[PDB]
Amino acid sequence: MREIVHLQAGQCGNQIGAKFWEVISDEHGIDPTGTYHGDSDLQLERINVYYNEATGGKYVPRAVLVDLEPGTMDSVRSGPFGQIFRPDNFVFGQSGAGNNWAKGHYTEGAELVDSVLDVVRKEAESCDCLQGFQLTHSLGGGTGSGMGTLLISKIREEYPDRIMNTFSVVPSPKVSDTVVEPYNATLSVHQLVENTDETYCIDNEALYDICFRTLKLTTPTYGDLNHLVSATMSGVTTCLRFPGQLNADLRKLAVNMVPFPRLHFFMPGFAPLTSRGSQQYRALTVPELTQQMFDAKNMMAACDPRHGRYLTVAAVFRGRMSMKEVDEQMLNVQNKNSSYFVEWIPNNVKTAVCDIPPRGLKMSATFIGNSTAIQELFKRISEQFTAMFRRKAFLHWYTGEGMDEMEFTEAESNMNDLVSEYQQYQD
Amino acid sequence: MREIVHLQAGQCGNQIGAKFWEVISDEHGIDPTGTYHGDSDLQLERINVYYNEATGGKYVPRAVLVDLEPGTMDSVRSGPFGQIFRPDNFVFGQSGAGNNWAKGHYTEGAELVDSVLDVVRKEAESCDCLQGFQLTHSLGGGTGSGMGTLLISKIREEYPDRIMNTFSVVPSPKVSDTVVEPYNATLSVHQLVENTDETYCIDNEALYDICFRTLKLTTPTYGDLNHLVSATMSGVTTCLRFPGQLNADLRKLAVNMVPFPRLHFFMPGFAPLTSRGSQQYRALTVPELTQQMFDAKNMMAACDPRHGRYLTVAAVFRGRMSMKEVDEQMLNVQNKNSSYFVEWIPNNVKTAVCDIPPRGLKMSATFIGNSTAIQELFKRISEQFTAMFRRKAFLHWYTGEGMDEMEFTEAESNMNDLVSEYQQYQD
Amino acid sequence: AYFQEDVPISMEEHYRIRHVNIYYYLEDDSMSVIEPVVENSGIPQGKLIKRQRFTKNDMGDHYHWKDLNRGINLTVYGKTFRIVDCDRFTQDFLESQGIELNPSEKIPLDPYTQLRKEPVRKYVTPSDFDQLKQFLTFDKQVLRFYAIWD
Amino acid sequence: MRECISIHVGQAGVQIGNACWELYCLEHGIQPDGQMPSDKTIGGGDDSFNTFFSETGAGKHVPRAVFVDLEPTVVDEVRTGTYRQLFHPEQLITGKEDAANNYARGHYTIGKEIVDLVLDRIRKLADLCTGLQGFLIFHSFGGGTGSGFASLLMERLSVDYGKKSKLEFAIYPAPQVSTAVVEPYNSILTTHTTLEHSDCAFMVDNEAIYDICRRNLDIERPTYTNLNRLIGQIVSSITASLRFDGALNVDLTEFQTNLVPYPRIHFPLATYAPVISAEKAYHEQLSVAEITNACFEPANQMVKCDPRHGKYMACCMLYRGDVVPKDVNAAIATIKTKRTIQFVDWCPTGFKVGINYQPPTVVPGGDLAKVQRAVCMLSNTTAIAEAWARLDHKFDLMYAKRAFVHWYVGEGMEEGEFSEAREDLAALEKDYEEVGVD
Ligand SMILES: Nc1nc2c(ncn2[C@@H]2O[C@H](COP(=O)(O)OP(=O)(O)OP(=O)(O)O)[C@@H](O)[C@H]2O)c(=O)[nH]1
Ligand SMILES: Nc1nc2c(ncn2[C@@H]2O[C@H](COP(=O)(O)OP(=O)(O)OP(=O)(O)O)[C@@H](O)[C@H]2O)c(=O)[nH]1
Ligand SMILES: Nc1nc2c(ncn2[C@@H]2O[C@H](COP(=O)(O)OP(=O)(O)OP(=O)(O)O)[C@@H](O)[C@H]2O)c(=O)[nH]1
């Protein structure tokens with residue numbers, strides 16, 4: 001059978017993975033102690049996709065957590081679902097990273113890469129047939145970036161045949177916390193784009209936009225932020241694990257969604273967000289879910305593609321619906337705003353229709369879109385990197401680490417190539 | 001199915017929006033909480049003209065409130081029927097207006113118009129098909145006029161196929177309180193006549209007169225004033241939602257009542273008023289009903305019509321009447337006084353007969369007619385404007401916000417044109 | 001006072017329960033409902049019912065304080081409420097009149113509100129370490145039992 | 001795990017070390033006995049305390065600190081004080097003669113025969129230690145004993161163990177107030193001898209402390225007890241992240257990476273925003289917007305540098321207590337939008353954020369208040385070179401008249417190092433001006 005091994009890196013991962021796993025546990029009905037409670041046939045029957053089998057109604061997560069500072073492991077283990085993970089599935093070094101990507105990329109990794117590869121091949125051969133791997137981290141997150149780059153570089157040649165989902169978060173346009181974030185971003189992208197196939201983009205400022213629009217609760221928590229994005233990844237994973245006459249495989253998505261070797265970056269999106277009183281002040285219909293999903297405010301990925309155009313979109317609806325509402329809705333948008341699409345491809349939409357919704361609500365959906373939106377993002381990173389490289393500020397640490405400026409030069413060349421290609425194909 | 005979308009603006013027009021909505025809700029028999037109390041299958045059948053449905057028997061109105069002062073909306077929200085409006089449907093700014101015109105026309109509208117257009121397009125997509133829109137505001141109101149000018153300007157072009165009912169109140173001939181008030185009105189009326197189809201012309205002085213004519217109770221509330229205006233507005237809307245041998249469309253009335261593109265000013269007319277003896281001392285017969293209809297005192301819009309001459313007249317009847325009696329009534333009134341009609345068009349009368357009685361009595365009517373009447377009104381306001389512009393008192397705020405005298409000049413040219421035109425059609 | 005409500009679509013709950021404050025004036029017998037404001041609530045707080053008098057039954061009657069007591073429910077323009085308890089001058093004046101007060105009752109708390117924050121509970125238990133005290137305090141202290149086995 | 005080594009050199013700094021350990025005992029409930037009340041948590045040394053105290057199986061939290069001095073007076077007094085059992089005996093190292101403010105006397109004539117013992121003690125700490133992230137040295141430039149001896153010991157540790165961090169706080173010379181006219185000499189000697197061996201240096205001044213004390217503490221007769229409590233609170237803030245748990249944490253590694261841009265230049269400045277009394281905190285209000293405006297308020301800085309004289313490179317803010325990042329980053333954005341503050345083009349981003357949920361702590365019999373949100377400011381900017389200019393334009397005159405150089409040659413030194421130190425400085429100011437050049 002086909003299954004997946006999860007990878008979580010970086011301090012961002014150290015919380016996002018926890019939230020995502022606890023949400024999935026809530027969905028399939030696993031108590032924090034781990035003793036299954038039978039209430040849903042389908043959740044009972046499609047669980048080997050992630051959970052392996054332990055003794056006595058208990059199940060192990062096929063996830064691997066990595067870090068260097070054991071305090072994060074302490075927090076995760078102390079969390080509401082830390083007990084459900086394994087000690088063996090935890091591995092750490094005995095030093096700090098301090099998000100010097102070079103430190104992590106030639107010094108800090110070389111001594112744990114072997115062990116983590118042993119554990120990952122252990123789990124892989126424990127399973128029977130994989131679809132592939134997904135890794136959760138930050139492209140601005142130094143530990144996550146440094147570890148994940150090498151990890152994917154190795155798994156590419158070790159298993160050249162699987163699906164390589166990368167789920168990474170984006171630095172804030174208004175304030176980056178870490179000053180070296182441009183450097184980290186370059187050192188990440190220059191190899192990530194050539195090793196990966198699918199990359200997701202998520203933005204905290206867009207999350208705060210979401211909070212100021214639909215949450216309307218003044219003070220949120222990053223826990224709630226993780227709640228939303230975990231819901232998004234849960235939604236993209238639901239299609240595989242539920243019955244229903246729809247197409248599931250991430251390959252069946254990627255072949256539709258990937259025109260070129262250089263086209264990898266995607267824009268998630270969630271479906272009805274209830275406001276303070278909308279709970280009993282709204283009406284749940286396919287038309288209004290469609291309208292909400294295709295709305296500027298609902299967007300959370302990078303920045304408005306109102307400047308740009310759209311190449312492909314894949315939408316997964318979930319609940320008992322009918323082919324006709326989705327078909328007519330897509331034709332309606334196609335004819336309504338027929339200019340902001342691109343004439344290259346006709347009918348850029350890919351539909352999936354899952355029968356069983358999330359527990360509690362009736363009809364829901366989720367979105368993903370390949371469109372020209374990341375341009376201003378890496379444009380900003382370009383201007384930051386040029387301004388920094390102009391006077392080698394902060395660069396002496398990397399010199400001492402054994403880094404040379406030629407690396408930065410080819411990285412900026414690569415990102416310039418992506419800028420030019422993305423502008424060119426439609427403009 | 002054809003619906004109407006309702007707009008509420010200006011601190012009074014908001015008064016009236018509350019009162020009008022609650023009147024309709026009570027007529028259709030709805031609690032303050034939105035749960036229907038089953039009494040009238042016909043009313044339940046035709047609720048869909050105004051009310052959407054939110055799951056769990058909640059009929060969210062297709063109305064939108066817009067203003068800039070938070071406390072006003074707090075009051076209307078905390079009114080006994082404020083909960084029926086939506087937290088979604090409350091767009092507003094964080095500022096006052098100063099009872100200016102150019103301020104709300106340039107300075108602050110530009111950053112609220114976007115949101116109001118987005119919400120109105122959302123609801124327009126939600127509903128099926130429209131006869132048009134209706135707006136409650138004040139021609140003299142600062143914020144209401146400043147909004148509505150731009151709003152109707154924005155809607156005219158992309159929706160040139162529907163009917164834009166306008167509803168406002170003239171300041172009193174004797175006093176306007178606000179002193180810049182004619183400045184504001186002479187600004188607005190230009191764009192209003194430019195974009196208008198149908199306009200209801202109301203002043204409260206005649207309403208105080210009516211109160212002292214037939215309710216005899218000395219001291220009413222502006223709430224009671226808005227009760228009366230709510231009934232008067234309901235008059236036209238009664239047609240669609242009830243069966244009967246009549247034509248219902250606003251076009252059905254408006255093409256008939258509008259001889260030339262330059263006729264948009266219409267005067268209300270109501271059904272037998274009640275005194276404390278009249279509840280059992282009235283003689284409810286169509287003879288005296290129509291006598292009252294064309295009773296000079298029954299008129300409540302501006303002032304005596306007997307100075308001028310009628311152009312068109314329309315009577316909507318509500319109840320279990322027959323058409324021959326009203327028809328011979330029209331016959332007899334033509335016989336008695338044909339003098340103050342015109343040779344331009346004979347048979348100036350139209351009769352529509354809706355057959356469902358109102359809540360409180362059996363048979364009634366609403367009169368709407370246009371005559372050679374508004375000459376003295378806008379003539380008066382014109383001497384006002386000449387006097388004030390004789391030295392341009394107060395102009396400096398408007399100039400500082402950015403305006404110029406030439407616009408006033410062509411506007412006054414427009415009003416003098418209306419003077420001449422109406423005078424001639426009479427002459 | 002307080003009142004319940006049912007959520008049809010949301011992920012968490014069957015129902016929500018909300019607390020409110022009732023002010024009855026002695027001037028014109030107006031009454032006002034005010035909700036206290038709590039952060040992250042996700043409801044529009046503030047004023048809920050402005051200044052006016054209220055209608056008990058159809059005719060036009062008016063809620064004269066001569067009929068209100070503890071432990072009473074009442075329907076008011078639809079939404080119905082229940083009275084829990086009152087404050088100092090209120091019961092003093094009301095017993096000065098002589099309204100027989102009813103035994104009080106607990107005001108419930110919103111499970112949604114509590115699960116928003118945390119379980120308010122206790123912690124602290126590590127492993128077991130007290131050897132030094134025994135070692136030093138009981139230097140070469142022994143017992144001597146004479147036992148028999150059959 | 002995460003723990004450091006505390007070094008307190010100089011009967012200059014020993015009283016502030018005393019104060020800071022006294023503050024440290026409160027929040028953990030370290031009694032002047034050294035043992036806890038009933039609740040048992042002692043074990044394999046695995047909980048918050050272990051970052052500061054090495055409780056062995058004794059039930060006695062013994063600090064990983066060392067005090068070294070050449071006067072027996074204060075050290076004998078403290079071992080006659082209260083926390084004498086708390087302190088380990090011979091990590092209180094004492095001498096008999098002082099340097100008499102003479103840097104060279106403190107660096108050569110006496111420095112040979114005590115470095116051996118302190119080496120032994122530091123290694124017998126380090127062996128049982130496992131984390132050894134770095135050292136917190138506390139000294140003084142105008143050191144009547146501390147200056148030269150500290151320079152020598154940091155020299156030797158730099159040459160022996162070069163793979164961890166080194167942090168320095170120091171009382172700065174008062175720009176217009178003096179306590180010994182030896183100060184320009186000993187200051188310049190320490191500075192230039194340490195520049196190629198000092199990772200990070202943070203600066204404090206008594207006059208600025210005093211001005212704050214009668215501006216917002218509003219008590220016109222302060223004390224060193226006040227000064228030392230404030231600076232101890234500062235260091236408690238800077239180490240809270242390591243000490244406790246939090247949403248996101250930062251470390252000395254991150255500090256030494258982000259704050260300093262270049263080689264050499266490593267001289268930022270500290271600030272504490274909610275420096276206010278109990279009654280003020282009581283019937284006033286505290287929140288992120290006003291504390292953030294305060295952190296850039298120019299008169300609360302402990303160095304008399306005019307902000308609009310200089311320009312900014314780095315800003316690390318530690319927010320401690322109850323906050324969410326929304327209004328935090330909103331406020332820092334509003335500050336970026338503010339026009340008077342002048343960022344160089346070198347740092348389009350400069351905001352190193354650290355959020356620790358745990359609120360700070362009051363002390364019994366203290367003068368602080370029951371804070372909820374505190375923010376500590378560590379900012380590096382160019383406005384400090386004015387201090388160096390002030391120092392040099394007096395160093396030159398005293399060099400020219402060459403007074404007390406007879407003392408220095410008599411104690412057995414020359415003029416060559418004094419010569420070279422001045423162009424070391426001149427290089428520092430020229431580099432400041434070059435980096436200021438956009
Ligand atoms: N979990 C989590 N991550 C956050 C949060 N806010 C920002 N992040 C980002 O998540 C990124 C990834 O963290 P890691 O990869 O584990 O950290 P790292 O590799 O040591 O590199 P740094 O970015 O310097 O922390 C960080 O760089 C932060 O910028 C948050 O509230 N929670
Ligand atoms: N709500 C309310 N409005 C009233 C009442 N009486 C008169 N009004 C009218 O409300 C008018 C103004 O209302 P709006 O249309 O909201 O005007 P605005 O743009 O908000 O600015 P203003 O005209 O200065 O109030 C006044 O000119 C009055 O004529 C009343 O009793 N209640
Ligand atoms: N560190 C510290 N400095 C103080 C204190 N009170 C005043 N100062 C300033 O700190 C300087 C102390 O430095 P030194 O005189 O060299 O101290 P020392 O080398 O240990 O020798 P002693 O003066 O005997 O303590 C003085 O010049 C004062 O300006 C204090 O309590 N602690």
# chains A, B, ... in the order shown; residues from 1 in each chain; ligands from 1
>>> closest_atom_pairs(of="chain A", to="ligand 1", cutoff="10 Å", atoms="only C-alpha atoms and all ligand atoms", output="tab-separated table")
residue	atom	partner	partner_atom_place_in_ligand_line	distance
A:8	CA	ligand 1	16 (O)	9.4
A:9	CA	ligand 1	16 (O)	6.3
A:10	CA	ligand 1	16 (O)	2.6
A:11	CA	ligand 1	16 (O)	2.5
A:12	CA	ligand 1	1 (N)	3.1
A:13	CA	ligand 1	1 (N)	5.9
A:14	CA	ligand 1	1 (N)	6.2
A:15	CA	ligand 1	1 (N)	4.9
A:16	CA	ligand 1	1 (N)	6.1
A:17	CA	ligand 1	1 (N)	9.2
A:18	CA	ligand 1	1 (N)	9.9
A:66	CA	ligand 1	16 (O)	9.2
A:67	CA	ligand 1	16 (O)	7.4
A:68	CA	ligand 1	20 (O)	8.7
A:69	CA	ligand 1	20 (O)	9.2
A:72	CA	ligand 1	16 (O)	9.2
A:96	CA	ligand 1	20 (O)	8.2
A:97	CA	ligand 1	20 (O)	5.8
A:98	CA	ligand 1	20 (O)	5.6
A:99	CA	ligand 1	24 (O)	4.0
A:100	CA	ligand 1	24 (O)	7.5
A:101	CA	ligand 1	19 (O)	7.6
A:104	CA	ligand 1	19 (O)	8.3
A:136	CA	ligand 1	15 (O)	9.5
A:137	CA	ligand 1	15 (O)	6.0
A:138	CA	ligand 1	12 (C)	4.7
A:139	CA	ligand 1	12 (C)	7.5
A:140	CA	ligand 1	27 (O)	5.3
A:141	CA	ligand 1	23 (O)	3.3
A:142	CA	ligand 1	19 (O)	3.0
A:143	CA	ligand 1	19 (O)	2.2
A:144	CA	ligand 1	15 (O)	3.6
A:145	CA	ligand 1	19 (O)	6.1
A:146	CA	ligand 1	19 (O)	6.9
A:147	CA	ligand 1	19 (O)	8.0
A:148	CA	ligand 1	15 (O)	9.4
A:168	CA	ligand 1	12 (C)	8.8
A:169	CA	ligand 1	10 (O)	7.1
A:170	CA	ligand 1	9 (C)	8.2
A:171	CA	ligand 1	29 (O)	6.6
A:172	CA	ligand 1	29 (O)	8.4
A:176	CA	ligand 1	29 (O)	7.0
A:177	CA	ligand 1	29 (O)	6.6
A:178	CA	ligand 1	24 (O)	6.1
A:179	CA	ligand 1	24 (O)	9.1
A:180	CA	ligand 1	24 (O)	8.2
A:181	CA	ligand 1	23 (O)	7.2
A:184	CA	ligand 1	23 (O)	8.2
A:185	CA	ligand 1	23 (O)	9.9
A:203	CA	ligand 1	7 (C)	9.9
A:204	CA	ligand 1	6 (N)	7.8
A:221	CA	ligand 1	31 (O)	8.2
A:222	CA	ligand 1	31 (O)	5.1
A:223	CA	ligand 1	32 (N)	8.0
A:225	CA	ligand 1	31 (O)	8.4
A:226	CA	ligand 1	1 (N)	8.2
>>> interface_residues(of="chain D", to="chain C", cutoff="8 Å", atoms="only C-alpha atoms", output="list in words")
residues 40, 41, 42, 43, 57 and 58 of chain D
>>> write_last_selection(atoms="N, CA and C atoms", output="CSV table (one decimal), in the first residue's frame")
chain,number,residue,atom,x,y,z
D,40,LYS,N,10.0,18.9,46.9
D,40,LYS,CA,11.2,18.2,46.4
D,40,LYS,C,11.3,18.4,44.9
D,41,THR,N,12.4,18.9,44.4
D,41,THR,CA,12.7,18.9,43.0
D,41,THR,C,14.2,18.5,42.7
D,42,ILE,N,15.0,18.4,43.8
D,42,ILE,CA,16.4,18.0,43.6
D,42,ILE,C,16.6,16.7,43.0
D,43,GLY,N,17.5,16.5,42.1
D,43,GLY,CA,17.7,15.3,41.4
D,43,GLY,C,19.0,15.2,40.6
D,57,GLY,N,24.6,16.7,45.0
D,57,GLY,CA,23.7,15.9,45.9
D,57,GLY,C,23.5,16.5,47.3
D,58,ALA,N,24.1,17.7,47.5
D,58,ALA,CA,24.1,18.3,48.9
D,58,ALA,C,22.8,18.9,49.2
>>> residues_near_ligand(ligand="ligand 3", cutoff="10 Å", atoms="only C-alpha atoms and all ligand atoms", output="number ranges by chain")
D: 8-17, 68-71, 73-74, 97-103, 106, 138-150, 170-174, 177-183, 186, 205-206, 223-225, 227-228
>>> select_by_dssp(residues="chain C", states="strand (DSSP E)", output="MDAnalysis selection string")
chainID C and resid 2:6 15:19 21:24 31:35 46:52 73:75 80:82
>>> residues_around(residues="residue 379 in chain B", least_positions_apart="4", cutoff="10 Å", atoms="only C-alpha atoms", output="VMD selection string")
chain B and resid 374 to 375 383 to 385 415 to 416 418 to 419
>>> write_last_selection(atoms="N, CA, C and O atoms", output="compact mmCIF listing (two decimals), in the first residue's frame")
# COMPACT_ATOMS: atom_id res chain seq x y z
N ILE B 374 -43.20 71.71 -7.56
CA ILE B 374 -41.95 71.96 -6.86
C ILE B 374 -41.36 73.32 -7.24
O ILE B 374 -40.25 73.67 -6.79
N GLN B 375 -42.07 74.10 -8.06
CA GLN B 375 -41.54 75.39 -8.49
C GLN B 375 -41.19 76.27 -7.31
O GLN B 375 -40.07 76.76 -7.20
N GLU B 383 -33.50 81.58 -4.18
CA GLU B 383 -33.21 82.89 -3.58
C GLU B 383 -32.24 82.72 -2.42
O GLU B 383 -31.36 83.57 -2.22
N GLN B 384 -32.40 81.65 -1.64
CA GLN B 384 -31.42 81.37 -0.59
C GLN B 384 -30.01 81.36 -1.16
O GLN B 384 -29.11 82.04 -0.65
N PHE B 385 -29.81 80.60 -2.23
CA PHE B 385 -28.47 80.45 -2.78
C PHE B 385 -27.95 81.76 -3.35
O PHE B 385 -26.76 82.07 -3.22
N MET B 415 -30.47 74.40 -12.10
CA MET B 415 -31.74 74.62 -11.39
C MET B 415 -32.61 75.66 -12.07
O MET B 415 -33.84 75.49 -12.14
N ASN B 416 -32.02 76.74 -12.58
CA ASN B 416 -32.83 77.69 -13.34
C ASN B 416 -33.44 77.03 -14.57
O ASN B 416 -34.57 77.34 -14.96
N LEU B 418 -34.40 73.89 -14.70
CA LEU B 418 -35.55 73.14 -14.21
C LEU B 418 -36.74 74.07 -13.98
O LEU B 418 -37.88 73.73 -14.33
N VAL B 419 -36.48 75.23 -13.37
CA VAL B 419 -37.52 76.25 -13.20
C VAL B 419 -38.23 76.51 -14.51
O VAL B 419 -39.45 76.35 -14.63
